[PDB]
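Just one chain follows, in the form deposited in one PDB entry, and it is written as structure tokens.
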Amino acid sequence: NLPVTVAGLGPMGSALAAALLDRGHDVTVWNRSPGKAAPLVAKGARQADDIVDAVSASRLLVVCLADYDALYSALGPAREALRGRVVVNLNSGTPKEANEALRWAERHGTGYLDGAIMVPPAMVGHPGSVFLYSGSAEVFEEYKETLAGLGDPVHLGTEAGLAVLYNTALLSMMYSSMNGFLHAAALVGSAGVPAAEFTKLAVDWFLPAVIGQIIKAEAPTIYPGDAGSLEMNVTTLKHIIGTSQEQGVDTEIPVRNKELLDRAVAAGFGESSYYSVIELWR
């Protein structure tokens, strides 16, 4: 039961469709290029002829396409068939793109959720999958159970752009953290330290016990316990850069991190908090 249509059958859209099939939904699939539907049809999906049939088959339409232009092109022809259905858009962009899609959906009498997929395709549907959602709370509550088949659905608020905002923010932190980890791994690696054991120490202990706790301790709105003054952290970074040079590891990462603190010291004091670094960017 709970018929669902998936539009877009790239690697992510295919995973969405397959996860929905595995929970036993009546899944209708649609894609622009041919040949992406066959593997899903084999697994029990009905392929729709035209986008109107696809949209008409289900009250819930899960969209996973390249951008907003792609969404309009794909779903534009559906016209009055969208009226009274719900679009769950899993591929915005930026928050302005999310708001543009909300506008498009509302013009067509269509409910709208914007979602960010927080795991790779292969994790979709499996324990650990988490999807962030923004949009009408009524709509979210009505389709929550269906959405749960893809991953733990977290509703951030009713404004269209929030999911993309949170997703882009979290991912920005992820890239920096991963790059720092790779500097770390290069550093120990240059002494011949085996990576597996260091990785486990860094991820299973240091990341939650030290990095997480220090972040919360620096957050002025939230361990006894903080990162210490800017000036003491500058000195720490000078030792990291020194160590990196000794070991023959590129100093780019700690050099940039030190320059950032130097800027924050100059704007405030050597005694200002670590968190005040954020004032350089807003």
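Numbering starts at 1 and runs along the sequence shown. Rigid core here is just the name for the largest C-alpha set that superposes within 1.5 Å across the two forms.
Per the record, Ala42 and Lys43 are directly connected, as no deposited residue between them is missing from the model.
Taking only CA atoms, the mean B-factor in the PDB entry is higher for 27-35 than for the other of 27-35 and 209-217. Mean CA B-factor, 225-233 versus 251-259: the higher value falls on 225-233. Per the deposited coordinates, the residue with the largest Cα temperature factor out of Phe181, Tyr143, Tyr166, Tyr112 is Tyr143. As recorded in the entry, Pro120 carries the highest CA temperature factor of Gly192, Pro120, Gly161, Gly157. Among all modelled residues in its chain, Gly135 ranks in the lowest third by Cα B-factor. Among the modelled residues of its chain, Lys200 has a C-alpha B-factor that falls in the lowest third, as given in the PDB entry. The deposited CA B-factor of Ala105 belongs to the middle third of values across its chain. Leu171 sits in the lowest third of its chain by CA B factor, as recorded in the PDB entry.
When the CA B factors of the chain's modelled residues are split into thirds, the value for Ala98 lands in the lowest one.
Form deposited in another entry: not shown, discussed below.
When the two forms are overlaid on the rigid core, CA displacement between the shown form and the other one of 2 Å or more is confined, within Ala66, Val41, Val52, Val255, to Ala66. With the core held fixed, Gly268 shows a CA shift of 2 Å or greater between the shown form and the other one.
Between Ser14 and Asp69, the Cα spacing is smaller in the other entry than in the shown form, differing by no less than 3 Å.
Legend note: Cα of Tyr68 to Cα of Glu145 is at least 3 Å farther in the other entry than in the depicted form.
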